[PDB]
Amino acid sequence: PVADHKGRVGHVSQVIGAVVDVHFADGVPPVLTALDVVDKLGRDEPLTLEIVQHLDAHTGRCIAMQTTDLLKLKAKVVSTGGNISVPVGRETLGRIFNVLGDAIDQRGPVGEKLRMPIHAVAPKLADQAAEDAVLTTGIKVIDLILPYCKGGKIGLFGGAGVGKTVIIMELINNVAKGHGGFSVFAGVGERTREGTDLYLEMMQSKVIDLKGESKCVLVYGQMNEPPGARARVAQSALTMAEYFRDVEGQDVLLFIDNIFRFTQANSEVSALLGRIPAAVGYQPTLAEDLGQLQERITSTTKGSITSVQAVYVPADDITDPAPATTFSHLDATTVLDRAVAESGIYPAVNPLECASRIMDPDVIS
Amino acid sequence: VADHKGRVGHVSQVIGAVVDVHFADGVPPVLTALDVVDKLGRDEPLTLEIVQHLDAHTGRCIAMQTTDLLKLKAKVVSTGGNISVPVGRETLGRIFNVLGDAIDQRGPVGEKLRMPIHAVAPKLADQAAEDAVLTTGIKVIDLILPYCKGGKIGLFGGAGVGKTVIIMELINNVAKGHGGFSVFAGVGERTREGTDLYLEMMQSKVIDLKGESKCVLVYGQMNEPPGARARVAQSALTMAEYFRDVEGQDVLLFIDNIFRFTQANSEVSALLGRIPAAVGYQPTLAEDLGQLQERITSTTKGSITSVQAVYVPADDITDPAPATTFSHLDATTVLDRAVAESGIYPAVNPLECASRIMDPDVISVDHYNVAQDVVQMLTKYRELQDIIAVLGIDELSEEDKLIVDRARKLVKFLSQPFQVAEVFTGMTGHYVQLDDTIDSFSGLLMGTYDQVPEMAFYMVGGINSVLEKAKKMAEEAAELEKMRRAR
Amino acid sequence: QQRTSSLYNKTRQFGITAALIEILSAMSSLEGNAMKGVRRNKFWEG
Amino acid sequence: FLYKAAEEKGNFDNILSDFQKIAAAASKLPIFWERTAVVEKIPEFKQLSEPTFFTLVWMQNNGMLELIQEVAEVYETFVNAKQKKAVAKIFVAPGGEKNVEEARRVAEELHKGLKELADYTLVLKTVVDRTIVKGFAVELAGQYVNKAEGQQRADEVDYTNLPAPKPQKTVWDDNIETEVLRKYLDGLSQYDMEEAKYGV
Amino acid sequence: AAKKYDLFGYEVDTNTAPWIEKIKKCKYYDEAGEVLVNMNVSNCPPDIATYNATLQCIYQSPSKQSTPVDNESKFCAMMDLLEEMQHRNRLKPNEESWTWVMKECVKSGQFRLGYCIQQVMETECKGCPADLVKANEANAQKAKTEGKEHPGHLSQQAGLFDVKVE
Amino acid sequence: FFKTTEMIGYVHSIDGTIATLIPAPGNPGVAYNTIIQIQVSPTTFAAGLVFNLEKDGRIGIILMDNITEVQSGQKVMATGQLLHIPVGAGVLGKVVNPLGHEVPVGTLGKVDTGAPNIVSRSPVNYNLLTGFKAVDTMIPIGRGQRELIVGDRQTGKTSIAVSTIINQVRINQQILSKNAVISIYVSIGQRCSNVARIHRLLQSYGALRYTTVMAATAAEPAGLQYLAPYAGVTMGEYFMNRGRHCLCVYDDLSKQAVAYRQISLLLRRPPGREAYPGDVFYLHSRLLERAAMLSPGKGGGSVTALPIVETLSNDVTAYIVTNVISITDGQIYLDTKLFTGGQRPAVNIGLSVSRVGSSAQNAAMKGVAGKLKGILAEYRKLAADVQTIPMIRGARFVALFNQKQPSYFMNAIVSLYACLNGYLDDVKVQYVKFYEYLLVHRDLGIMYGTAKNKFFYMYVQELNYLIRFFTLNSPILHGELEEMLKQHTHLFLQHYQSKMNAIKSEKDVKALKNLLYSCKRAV
Ligand SMILES: Nc1ncnc2c1ncn2[C@@H]1O[C@H](COP(=O)(O)OP(=O)(O)OP(=O)(O)O)[C@@H](O)[C@H]1O
Ligand SMILES: Nc1ncnc2c1ncn2[C@@H]1O[C@H](COP(=O)(O)OP(=O)(O)OP(=O)(O)O)[C@@H](O)[C@H]1O
Ligand SMILES: Nc1ncnc2c1ncn2[C@@H]1O[C@H](COP(=O)(O)OP(=O)(O)O)[C@@H](O)[C@H]1O
Ligand SMILES: [Mg+2]
Ligand SMILES: [Mg+2]
Ligand SMILES: [Mg+2]
């Protein structure tokens, strides 16, 4: 079918930071709809917007995925007829993508069979799994005190320069390379060099066979990206993992670094949207945003997704709303302490503050 | 625009418990009561109280019931005056709500007069000087912070320290034999606690359904909306004022908890367009409480002995509400959680309590001297405790080690089992006379009981009970020695 | 002593900042919810 | 203000005509004309009645010309109430407004049920709703009747995927013969499970 | 005859005859509890007679419900009912109530509970119906002949490392 | 003869999980706190709740379902009634939303009712056995009581409540359905997987027959998370008003406040402390006041509340935590340090309290609890400040409080009595659990052929109600109780402890260590 609002024309009415209001004469399209700015505006790259609110029957508020530089009022915008869709399938394996699903590896066209929206509903109760097993990482502290669960959710809470990234790379080397299933690396508000280093590492290990079959997909929206992109790259990366879990019944690893930047990005846009801030200054919808995202990261009866998410603790304050709310959404929690690292102990895991769900004699020996 | 009785208005805005009413003929005076005459399919009547005037025609109001099923433009009729509550001896033995309606299901009440809940406080010339000790039968209160008849008493405490228990003990000890009447105001507290109080009072014959009762109950509890909890205290206070002035009687006024009155006003303050203040309390915290407190006083016509329970949020006595209430009291009883955790009940911190009548002119010289000596010894015992932690008890000099032994007995001798906490403690309560307490502590200070075991002073009454517990301790110890000897 | 003083000082500054932000946030909401009526002035008088 | 001004003269249709002219003129004005609007300089508004022109200048002074539509609707409601006219909105699919015979019958039936509108004159106003593909809806004085229907190619399953055969460990009766053969029986159960997993 | 009053002084209905008739017309004794529930809702507190009728229905009923309920026991239900009557209603069980319990113990073959009930009747009441005491002893001695005096697994010899701690 | 709805306006703006409505001129209007239907299609509607009524006529709406289908300009119909949800015995064993919609697994009650009146209640005098010795003894819970469960993340807050629900399965199967305890487990803002795991766990023990689950997962909008406690208690009020007892568990109120804060801020409500709305205390206050013990005149039914609350770094000075503590009739404080120290459940007795007291304990448990309380109080002080009897028995009582599953009343009371009367003085602290396991699940007297008791044996599960009626310290049961304990102690010491103290081999030492640890998780 074809959307009834595709090709709808609107005009820019207000611009503030990354937030833009669009007025449509025939009616604002549905929320989450994608729009493209048609006016040249002397920009070096295209401009795309995602609808997030409805101000009235004709006006809609949207967030820009690229910088809003050289954007004037009355600029013409055209609806794309649907939400932001990204490629899925084996064609994406061995490729690098951005929030919009455009390949940035400067290689041949993806040629995907089809695309799927980034926004989707989470698995329901009857589609939940009941399998508990130990994922051996080779690390003494994790395998002993807080063992990880296959197909489960794992979080690495840590400050700045504590070792979150190092542990992720160690897990990737010890698990992903010797993994039968597929892997998806979601870089969110992290150093661009780290993605390049990972890409070189995956090519050297031949997990990405440029001429052969690959087992890894990279999706990167980094620090330099505007807040709009950093708030949706996780959705796009998660969407690709969902296709493998559901439409291929294949085990998937999902390495997200860093999930905190996702909440941070939503906070920045929320301030511009004209919403009353919550404690500290975060958006009032902090919990809901994480719930929608995390609930999609689960293992169903069709397939399994083992997720490892890095959590950044601002100012080393573990009581911050962002990291605090994330504890309830993780099967395994790995807390890192700066003082432990300063004592020469690596990894800096604080076992007393760590926890695991499979720490049950009915599961482990 | 003198008589506004029957004046009609229309509901213009409804947000939470705050409702805006528009009158074409002019908004009635502030504090006026309005009834929602419109038939909205509600199970309970809806009444509002005007708190502000937005303009010459619009007025903001707080509802006393839930605002459910309330539509805009709904008709509203003024009652011609403020909220009125029945008064007189016909209210004795009865339970009322914020609106003065009986909720005991005990039939209609014969009311000969009604009075508004809002009244002007007594002036300076209407102040009576009554300096007389009130014997509560409690060793700690009677000794360190004796209460004064016709005065104001505060029970500052956290959650679970025993504020409610002490009030029950005071009622059992002061209200059963009280010559005058009593009024109990439940404000934003547990409903079950009110039920237990009602049963106990009936058993104690304070409320004699067949005969003559001598107490009134007014309950606005947690389940009630903030509007009710912000006026129930005024309603009960109005009843006490009538007994003070018209009846010229000496009345008791128990309030639990007075903090909820502040809390309810803070909840509605945000919706009234008031910027919050320190710790999120309303800017009018001090003034609103002051007006209510000044009404709770003993005048030249009669006397009101007021006992109010104050909740200290998170045991922070630096919080606005607990601090603001300290200057409006004649006797403060501060409870500490640490004392309770050590098994000492009532968990009173004597070093933080104070009393206005703690002067030789008012109380006996012996009473004043004994209390001061106890306080000084307790203060010194704290400093010696720190040295004990660092050096050890043996290192303390002999004089200091004597203060330690005597002081510990004082700490345990302050504890007392109440007649109402028998279930909690499992032992019968005691009622210690004022003279017995003074003599018992006086002998303890000078070492008359240095050889008595320390535990003999734990959870007992007068000195006689101490000796009996020491004798019992000796007998059981001898039996244990005999059992060991046979082995 | 040095360590406790450091944490004591970080708290007092944060408490001042947190409380003021809270009060400002509630002042902004009323400002945002403030309603301006029609300016009943003589617009032709100019 | 418009209703009060028109009531003095007794004519209300003039204001309605003014709104019609405004709507027609606005269709040709440039996008976002209400923010650079100067009604005095605009020639289309020069033909409007004094009350309407005064109100337009009133809005332009306050920068509320974007409410022209809402102000018109509120006025039309007042005129209908004053003239004792009850308007029934007939919501129909785009292009489906050709047949409204049933809609009129439903509107009349609703009008009969309403006692307040006994003296009011029935009027029908058609509205296009893209949410309904078939049928119609009728709204009158808040009474809404719906007799319409709206809209009623993914990969359903993996043919390659197969549910693994869930093995069950054989359980032997607890007799003495089992205890003597406990090890032997356990080996058989293990062999049975291995066969089930691998297949043979 | 004399009006009863509740905890708060309100009067309670005392005409509990129709409810007893309803109890005596039940098929499964779980339905009897429903009648008691209705009595309490109607402010008609059960009397000693009502509880005895409930015990009679339990003894004479086939099962708790139309469908079997796992781990259902007539003795447990009656003892709980007595606990409610004595503690939460302040009514002393009479001889009739204990006789029903003893009959159930004899009927069910639980000869160890009969001994305890036998002493209870010999302590609170005046002795026990000698017919039931003899019946219980006959059941106990039947177990001795058949060897069902105690569960067998208890008699099995064990050791420090020979016990399976589940 | 038409199904005429009541249209009241159109949808103006949408901001996440909330919306605003503009009323059409000359329409009846909507009532406050009522349910409305947004016509997302000629046959499909989305549920919303009225929250604000502004001077401009605009209406604040809290969306509940089909949010993605809501668009600006859609029509809105007003039902004109408050929220009512299905209630009855036909909902037990099912998973439902706050709106009553059933969730597939792999009578109408009003949600805004008032709490019982003061004269409509009765004193709490019926116990509710959690199955844990520590709680049942030192922290009594009575039917119609509100007992907070406050602790840090990963401390057993959920496990203890679930165990309490499970502990009623065995009791309900034996006693009449009149005294059976129904369960309403409300999951708020929790993961969907956790709900499924809980559902399977309840099903395994057969608790679904007497339990129903009300789930508002994280993915669901804040409105459902906001209404879940009120809908859950409403389902529990059906049994209360009909002479039956119910137990409502809220997991957890902490996330409910977040949802309420999210709703209030989006709808332009002035923030308060920690950005929470001013009337946040009144939210929980009216939720927990609905749990009561009805008087004999109204049926005698009750609702027992076990709200759960999470803290940060054992900080009970937070805003919502303090408010809930000031409302409930008692608190169970689960301490992180005790949890990591091997004490499970990690109930901090010093910080835990039950304001009902011994009134919520059975006559059999009163004597044991009263004497046990004094011994522990001395034991805490003795160690804080010498093998005295209070210190000898205090340690063994602490060891007996370690549990993994709820314990039957007969087994628990007997073990406490044995430790109280010094029967465990000769038993080493490490072997207390092994001693308890043999006492409960085997019989040493029968095994070694020295048992002369007539009726009193631990394998006769029917003795629980006899004990609960007469008390252990009664002539009927006291004589045989002491004889059994004396025989069990003598046999245990002679045949087991002597060999255990004689083990030196590494293989034997390791085997013993596994045994004792297993005994902790068995009894
Ligand atoms: N396992 C380890 N062994 C030794 N050194 C380590 C280890 N983990 C971390 N480090 C040291 O800490 C530094 C920072 O580690 P890492 O890159 O993982 O930080 P991070 O947790 O990702 O923080 P951020 O990304 O915010 O900078 C490393 O460059 C290294 O010097
Ligand atoms: N009595 C117990 N003995 C041993 N382990 C226990 C006990 N109670 C709970 N646990 C275990 O402790 C862990 C945490 O339990 P639980 O899920 O109840 O915590 P919680 O308070 O709900 O924390 P959160 O919901 O924030 O994760 C689980 O692995 C559980 O199996
Ligand atoms: N005199 C007392 N003896 C023993 N325990 C007491 C005593 N007073 C209070 N308590 C303890 O406090 C509980 C009652 O608390 P309460 O009086 O309601 O305090 P508050 O109203 O300050 O929270 C009792 O259940 C018991 O645990
Ligand atoms: Mg990093
Ligand atoms: Mg209290
Ligand atoms: Mg939990």
# chains A, B, ... in the order shown; residues from 1 in each chain; ligands from 1
>>> residues_near_ligand(ligand="ligand 2", cutoff="6 Å", atoms="only C-alpha atoms and all ligand atoms", output="list in words")
residues 328, 357 and 359 of chain A; 153, 154, 155, 156, 157, 158, 159, 344, 345, 403 and 404 of chain F
>>> write_last_selection(atoms="N, CA, C and O atoms", output="PDB file, in the first residue's frame")
ATOM      1  N   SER A 328      17.015  -1.290  36.346  1.00  0.00           N
ATOM      2  CA  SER A 328      15.843  -2.152  36.264  1.00  0.00           C
ATOM      3  C   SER A 328      15.676  -2.801  34.897  1.00  0.00           C
ATOM      4  O   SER A 328      14.883  -3.741  34.773  1.00  0.00           O
ATOM      5  N   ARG A 357      21.139 -12.045  37.499  1.00  0.00           N
ATOM      6  CA  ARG A 357      19.881 -12.754  37.685  1.00  0.00           C
ATOM      7  C   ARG A 357      20.054 -14.265  37.666  1.00  0.00           C
ATOM      8  O   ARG A 357      19.240 -14.981  38.259  1.00  0.00           O
ATOM      9  N   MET A 359      22.391 -15.866  39.023  1.00  0.00           N
ATOM     10  CA  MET A 359      23.065 -16.313  40.234  1.00  0.00           C
ATOM     11  C   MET A 359      22.086 -17.141  41.056  1.00  0.00           C
ATOM     12  O   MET A 359      21.665 -16.733  42.143  1.00  0.00           O
TER      13      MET A 359
ATOM     14  N   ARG F 153      17.943  -1.915  45.367  1.00  0.00           N
ATOM     15  CA  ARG F 153      17.820  -2.808  44.225  1.00  0.00           C
ATOM     16  C   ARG F 153      18.567  -4.109  44.486  1.00  0.00           C
ATOM     17  O   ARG F 153      19.665  -4.113  45.049  1.00  0.00           O
ATOM     18  N   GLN F 154      17.960  -5.222  44.075  1.00  0.00           N
ATOM     19  CA  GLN F 154      18.546  -6.549  44.244  1.00  0.00           C
ATOM     20  C   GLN F 154      18.770  -6.859  45.727  1.00  0.00           C
ATOM     21  O   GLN F 154      19.890  -7.090  46.185  1.00  0.00           O
ATOM     22  N   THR F 155      17.665  -6.858  46.473  1.00  0.00           N
ATOM     23  CA  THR F 155      17.691  -7.174  47.893  1.00  0.00           C
ATOM     24  C   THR F 155      16.586  -8.131  48.314  1.00  0.00           C
ATOM     25  O   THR F 155      16.487  -8.446  49.505  1.00  0.00           O
ATOM     26  N   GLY F 156      15.761  -8.603  47.385  1.00  0.00           N
ATOM     27  CA  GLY F 156      14.691  -9.521  47.704  1.00  0.00           C
ATOM     28  C   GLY F 156      13.335  -8.888  47.920  1.00  0.00           C
ATOM     29  O   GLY F 156      12.445  -9.553  48.459  1.00  0.00           O
ATOM     30  N   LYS F 157      13.148  -7.629  47.518  1.00  0.00           N
ATOM     31  CA  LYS F 157      11.850  -6.987  47.704  1.00  0.00           C
ATOM     32  C   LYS F 157      10.758  -7.736  46.954  1.00  0.00           C
ATOM     33  O   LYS F 157       9.661  -7.949  47.485  1.00  0.00           O
ATOM     34  N   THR F 158      11.035  -8.139  45.713  1.00  0.00           N
ATOM     35  CA  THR F 158      10.045  -8.868  44.930  1.00  0.00           C
ATOM     36  C   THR F 158       9.910 -10.312  45.397  1.00  0.00           C
ATOM     37  O   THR F 158       8.795 -10.842  45.471  1.00  0.00           O
ATOM     38  N   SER F 159      11.031 -10.962  45.717  1.00  0.00           N
ATOM     39  CA  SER F 159      10.987 -12.377  46.070  1.00  0.00           C
ATOM     40  C   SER F 159      10.140 -12.616  47.313  1.00  0.00           C
ATOM     41  O   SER F 159       9.339 -13.557  47.355  1.00  0.00           O
ATOM     42  N   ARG F 344      19.811 -14.030  54.287  1.00  0.00           N
ATOM     43  CA  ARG F 344      18.731 -13.957  53.312  1.00  0.00           C
ATOM     44  C   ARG F 344      17.505 -14.685  53.855  1.00  0.00           C
ATOM     45  O   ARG F 344      17.580 -15.887  54.137  1.00  0.00           O
ATOM     46  N   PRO F 345      16.357 -14.004  54.015  1.00  0.00           N
ATOM     47  CA  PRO F 345      16.106 -12.604  53.652  1.00  0.00           C
ATOM     48  C   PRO F 345      16.873 -11.613  54.524  1.00  0.00           C
ATOM     49  O   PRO F 345      17.048 -11.839  55.721  1.00  0.00           O
ATOM     50  N   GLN F 403      16.445 -18.185  55.002  1.00  0.00           N
ATOM     51  CA  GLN F 403      15.490 -18.999  54.266  1.00  0.00           C
ATOM     52  C   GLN F 403      15.562 -18.661  52.785  1.00  0.00           C
ATOM     53  O   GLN F 403      16.017 -17.585  52.390  1.00  0.00           O
ATOM     54  N   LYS F 404      15.102 -19.606  51.969  1.00  0.00           N
ATOM     55  CA  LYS F 404      14.948 -19.412  50.534  1.00  0.00           C
ATOM     56  C   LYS F 404      13.514 -19.584  50.060  1.00  0.00           C
ATOM     57  O   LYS F 404      13.142 -18.996  49.044  1.00  0.00           O
TER      58      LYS F 404
END
>>> select_by_dssp(residues="region 9-80 of chain E", states="alpha helix (DSSP H)", output="short mmCIF file (atom, residue, chain, number, x, y, z; two decimals) with N, CA, C and O atoms, in the first residue's frame")
data_model
loop_
_atom_site.label_atom_id
_atom_site.label_comp_id
_atom_site.auth_asym_id
_atom_site.auth_seq_id
_atom_site.Cartn_x
_atom_site.Cartn_y
_atom_site.Cartn_z
N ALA E 17 -31.90 -18.63 62.13
CA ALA E 17 -32.52 -19.92 61.87
C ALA E 17 -32.57 -20.22 60.37
O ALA E 17 -32.20 -21.32 59.96
N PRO E 18 -33.01 -19.27 59.53
CA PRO E 18 -33.06 -19.57 58.09
C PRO E 18 -31.71 -19.96 57.52
O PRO E 18 -31.63 -20.84 56.65
N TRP E 19 -30.63 -19.32 57.98
CA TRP E 19 -29.31 -19.62 57.46
C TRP E 19 -28.89 -21.05 57.81
O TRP E 19 -28.28 -21.74 57.00
N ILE E 20 -29.23 -21.50 59.03
CA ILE E 20 -28.91 -22.87 59.41
C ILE E 20 -29.60 -23.86 58.48
O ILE E 20 -29.02 -24.87 58.07
N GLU E 21 -30.86 -23.58 58.13
CA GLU E 21 -31.56 -24.43 57.18
C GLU E 21 -30.85 -24.45 55.83
O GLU E 21 -30.73 -25.51 55.20
N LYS E 22 -30.38 -23.29 55.37
CA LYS E 22 -29.62 -23.25 54.13
C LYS E 22 -28.35 -24.08 54.23
O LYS E 22 -28.00 -24.80 53.29
N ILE E 23 -27.66 -24.01 55.36
CA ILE E 23 -26.44 -24.78 55.54
C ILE E 23 -26.74 -26.27 55.48
O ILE E 23 -25.99 -27.05 54.87
N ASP E 30 -17.80 -26.73 51.07
CA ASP E 30 -17.28 -25.40 50.75
C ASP E 30 -18.41 -24.40 50.56
O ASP E 30 -18.25 -23.21 50.86
N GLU E 31 -19.57 -24.87 50.09
CA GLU E 31 -20.72 -23.99 49.95
C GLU E 31 -21.20 -23.48 51.30
O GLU E 31 -21.81 -22.41 51.38
N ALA E 32 -20.93 -24.22 52.38
CA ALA E 32 -21.32 -23.77 53.70
C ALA E 32 -20.63 -22.47 54.08
O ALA E 32 -21.24 -21.58 54.67
N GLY E 33 -19.34 -22.35 53.74
CA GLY E 33 -18.63 -21.12 54.02
C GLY E 33 -19.26 -19.92 53.34
O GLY E 33 -19.30 -18.82 53.91
N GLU E 34 -19.78 -20.11 52.13
CA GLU E 34 -20.47 -19.03 51.44
C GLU E 34 -21.66 -18.53 52.25
O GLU E 34 -21.91 -17.33 52.33
N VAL E 35 -22.41 -19.46 52.85
CA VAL E 35 -23.53 -19.06 53.69
C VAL E 35 -23.04 -18.24 54.88
O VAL E 35 -23.63 -17.21 55.23
N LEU E 36 -21.95 -18.68 55.51
CA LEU E 36 -21.37 -17.91 56.60
C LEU E 36 -20.95 -16.52 56.13
O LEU E 36 -21.14 -15.53 56.84
N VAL E 37 -20.37 -16.44 54.93
CA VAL E 37 -19.98 -15.15 54.38
C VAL E 37 -21.20 -14.26 54.23
O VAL E 37 -21.19 -13.07 54.59
N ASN E 38 -22.29 -14.81 53.69
CA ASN E 38 -23.51 -14.03 53.52
C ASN E 38 -24.06 -13.58 54.86
O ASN E 38 -24.55 -12.45 54.99
N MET E 39 -23.99 -14.44 55.88
CA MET E 39 -24.47 -14.07 57.20
C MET E 39 -23.71 -12.86 57.74
O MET E 39 -24.30 -11.91 58.26
N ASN E 40 -22.38 -12.89 57.62
CA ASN E 40 -21.57 -11.78 58.12
C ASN E 40 -21.88 -10.50 57.35
O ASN E 40 -21.97 -9.41 57.94
N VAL E 41 -22.05 -10.60 56.03
CA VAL E 41 -22.36 -9.42 55.23
C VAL E 41 -23.70 -8.82 55.65
O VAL E 41 -23.87 -7.60 55.68
N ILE E 48 -23.31 -20.40 68.09
CA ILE E 48 -22.72 -21.72 68.28
C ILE E 48 -23.46 -22.75 67.44
O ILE E 48 -22.84 -23.68 66.89
N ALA E 49 -24.78 -22.62 67.33
CA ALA E 49 -25.55 -23.57 66.54
C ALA E 49 -25.12 -23.55 65.08
O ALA E 49 -25.01 -24.61 64.44
N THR E 50 -24.88 -22.37 64.52
CA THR E 50 -24.50 -22.27 63.12
C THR E 50 -23.18 -23.00 62.85
O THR E 50 -23.05 -23.72 61.85
N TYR E 51 -22.20 -22.83 63.73
CA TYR E 51 -20.91 -23.49 63.54
C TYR E 51 -21.06 -25.00 63.60
O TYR E 51 -20.44 -25.73 62.81
N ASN E 52 -21.87 -25.50 64.54
CA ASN E 52 -22.08 -26.94 64.63
C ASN E 52 -22.71 -27.48 63.35
O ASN E 52 -22.33 -28.55 62.86
N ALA E 53 -23.68 -26.75 62.79
CA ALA E 53 -24.28 -27.17 61.53
C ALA E 53 -23.23 -27.20 60.42
O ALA E 53 -23.22 -28.12 59.59
N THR E 54 -22.34 -26.20 60.39
CA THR E 54 -21.28 -26.19 59.39
C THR E 54 -20.37 -27.41 59.55
O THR E 54 -19.99 -28.04 58.56
N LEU E 55 -20.02 -27.75 60.79
CA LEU E 55 -19.22 -28.95 61.02
C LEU E 55 -19.95 -30.20 60.56
O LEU E 55 -19.35 -31.10 59.97
N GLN E 56 -21.26 -30.27 60.83
CA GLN E 56 -22.04 -31.41 60.38
C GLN E 56 -22.02 -31.53 58.86
O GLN E 56 -21.87 -32.64 58.32
N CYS E 57 -22.16 -30.41 58.16
CA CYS E 57 -22.10 -30.44 56.70
C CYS E 57 -20.74 -30.92 56.22
O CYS E 57 -20.65 -31.70 55.26
N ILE E 58 -19.67 -30.48 56.87
CA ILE E 58 -18.33 -30.91 56.49
C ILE E 58 -18.19 -32.42 56.65
O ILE E 58 -17.68 -33.11 55.77
N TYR E 59 -18.65 -32.95 57.78
CA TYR E 59 -18.55 -34.38 58.03
C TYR E 59 -19.39 -35.17 57.04
O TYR E 59 -18.96 -36.23 56.55
N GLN E 60 -20.59 -34.68 56.72
CA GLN E 60 -21.52 -35.41 55.87
C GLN E 60 -21.36 -35.09 54.39
O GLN E 60 -21.99 -35.76 53.56
N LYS E 74 -10.82 -32.48 55.40
CA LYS E 74 -11.96 -32.07 56.22
C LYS E 74 -11.52 -31.67 57.62
O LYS E 74 -12.04 -30.70 58.19
N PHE E 75 -10.56 -32.40 58.19
CA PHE E 75 -10.11 -32.10 59.55
C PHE E 75 -9.52 -30.70 59.64
O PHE E 75 -9.81 -29.95 60.59
N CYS E 76 -8.70 -30.32 58.66
CA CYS E 76 -8.08 -28.99 58.70
C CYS E 76 -9.13 -27.89 58.64
O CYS E 76 -9.04 -26.90 59.36
N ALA E 77 -10.14 -28.06 57.78
CA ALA E 77 -11.17 -27.03 57.65
C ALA E 77 -11.94 -26.86 58.95
O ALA E 77 -12.19 -25.73 59.39
N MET E 78 -12.32 -27.96 59.59
CA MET E 78 -13.09 -27.87 60.83
C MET E 78 -12.27 -27.25 61.95
O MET E 78 -12.77 -26.41 62.71
N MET E 79 -11.00 -27.64 62.07
CA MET E 79 -10.15 -27.06 63.10
C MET E 79 -9.98 -25.56 62.89
O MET E 79 -10.03 -24.78 63.85
N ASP E 80 -9.77 -25.14 61.64
CA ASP E 80 -9.69 -23.71 61.35
C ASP E 80 -10.99 -23.01 61.71
O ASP E 80 -10.98 -21.90 62.25
#
>>> residues_near_ligand(ligand="ligand 1", cutoff="6 Å", atoms="only C-alpha atoms and all ligand atoms", output="list in words")
residues 160, 161, 162, 163, 164, 165, 166, 346 and 347 of chain A
>>> residues_near_ligand(ligand="ligand 6", cutoff="12 Å", atoms="only C-alpha atoms and all ligand atoms", output="number ranges by chain")
A: 327-331, 357; F: 149-162, 186-191, 194-195, 197-198, 249-255, 307-310
>>> interface_residues(of="chain A", to="chain F", cutoff="7 Å", atoms="only C-alpha atoms", output="PyMOL selection string")
chain A and resi 30+53-57+125-128+275-276+278-279+284-285+288+291-292+295+319+329
>>> residues_near_ligand(ligand="ligand 5", cutoff="8 Å", atoms="only C-alpha atoms and all ligand atoms", output="PyMOL selection string")
chain B and resi 159-160+162-165+189-190+193+256-257
>>> write_last_selection(atoms="C-alpha atoms", output="tab-separated table (two decimals), in the first residue's frame")
chain	number	residue	atom	x	y	z
B	159	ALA	CA	8.01	8.20	62.00
B	160	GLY	CA	7.76	5.27	64.40
B	162	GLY	CA	6.12	6.88	69.53
B	163	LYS	CA	4.32	10.19	69.03
B	164	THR	CA	0.90	8.53	68.85
B	165	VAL	CA	1.60	6.21	71.80
B	189	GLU	CA	-3.32	10.37	59.97
B	190	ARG	CA	-4.23	6.71	59.66
B	193	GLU	CA	-5.75	4.78	64.57
B	256	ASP	CA	-2.41	14.61	65.63
B	257	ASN	CA	-0.77	15.57	63.35
